[PDB]
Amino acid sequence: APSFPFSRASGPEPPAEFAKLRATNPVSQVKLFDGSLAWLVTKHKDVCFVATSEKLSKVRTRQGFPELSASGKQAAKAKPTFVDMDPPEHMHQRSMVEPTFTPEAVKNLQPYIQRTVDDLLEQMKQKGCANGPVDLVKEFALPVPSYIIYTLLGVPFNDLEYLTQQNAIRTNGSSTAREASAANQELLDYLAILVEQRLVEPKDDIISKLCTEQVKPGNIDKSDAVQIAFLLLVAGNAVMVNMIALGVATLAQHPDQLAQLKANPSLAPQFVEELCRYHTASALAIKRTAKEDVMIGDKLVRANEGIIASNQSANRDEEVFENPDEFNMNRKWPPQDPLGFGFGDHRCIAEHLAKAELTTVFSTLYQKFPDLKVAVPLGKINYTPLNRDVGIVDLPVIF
């Protein structure tokens, strides 16, 4: 059994193993870093089954849970938040924070999302690029999701830049382990003070609603509110930054689609749909253990065996998406959902917000900067390390 996770075939590509597995061995065992095994599921239909089966569990204290790194093993020791819960605890906690993320709430947030994007773009214009390229990640892809989720949580305007930098440090590949851990703990300490403040004087933000609706009645404690807020910050932010950067790179890579999007920014939603299928920047979250035996395809997954369901592979499943390795914003979509945001009850709480952020970026960026260009050869883009989820570290641009 091969070692898993697999490395990307190159900067912007999925691991090569998945296509071959879909063709010849769609449910198979892989070996994890600790020498344990897990079942890897690669076809769309089977990923959907894993994501929804009530015989499967997200609880990480179950033996057989497929932890993919030594640090994941350590993190599993902590009191879980809803990401690692099963019913009924999962929705009992998740519902405490869903209101901000509903399709209607996100529709009503659209002017705020647009203003945030516009303001960051204007800062970019003002800054200029007269002395050379600037980094689209630092100047734009990082702050857009950061400023939004921090604002929604309740962070005041003046603190956004510093906290945006610190949250990046947690996941920057250049950070040492000490630097990432200290940044982590610094955000938690910050959020704890915010919770203390909003308990005394609530404001119109997510932390305040947790404090008033859940802490004060004793449904959760202060530290739970901190951990729920934290989860909302860290679960999707780095993924959003990568999706923005990947979108810009992809448009540069396919000039005619860029031309089409510039000619018709109303194509942004379909561009974003294709982007979230093609670049599955969170590919390792659909993990389970079997609570009891479960058959998947021609395999029996026994009680206490782990499962990893690759949404990345599902999103390239030729049986569902015709010509799946083609990026086509004019894709004719099948009835089956793309799985960039996962599936089932755990499906990304922020899917509508994320798509709105991406749609706003891709319907605005080239209106603002119709001559935006990646300022290095596309073959020299600095992607995330190949043994990690797809993403881009920095992206020099001119405009």
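From 1 onward, residues are counted along the sequence shown.
Here the stretch with the larger average CA B-factor, out of 304 to 312 and 153 to 161, is 153 to 161. As recorded in the PDB entry, 202 to 210 is the stretch of 202 to 210 and 276 to 284 with the greater mean C-alpha temperature factor. Residues shown: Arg94, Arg115, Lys107, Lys262. Highest C-alpha temperature factor in the entry: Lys262. For the set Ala141, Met329, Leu232, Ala75, the PDB entry puts the maximum C-alpha B factor at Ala75.
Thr61 sits in the highest third of its chain by CA B factor, as recorded in the PDB entry. Per the deposited record, the Cα B-factor of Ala38 falls in the middle third when ranked against the other modelled residues of its chain. Among the modelled residues of its chain, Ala70 has a C-alpha B-factor that falls in the highest third, as given in the PDB entry.
The deposited CA B-factor of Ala183 belongs to the highest third of values across its chain.
Annotation for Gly128: CA B-factor lies in the highest third of the chain's modelled residues.
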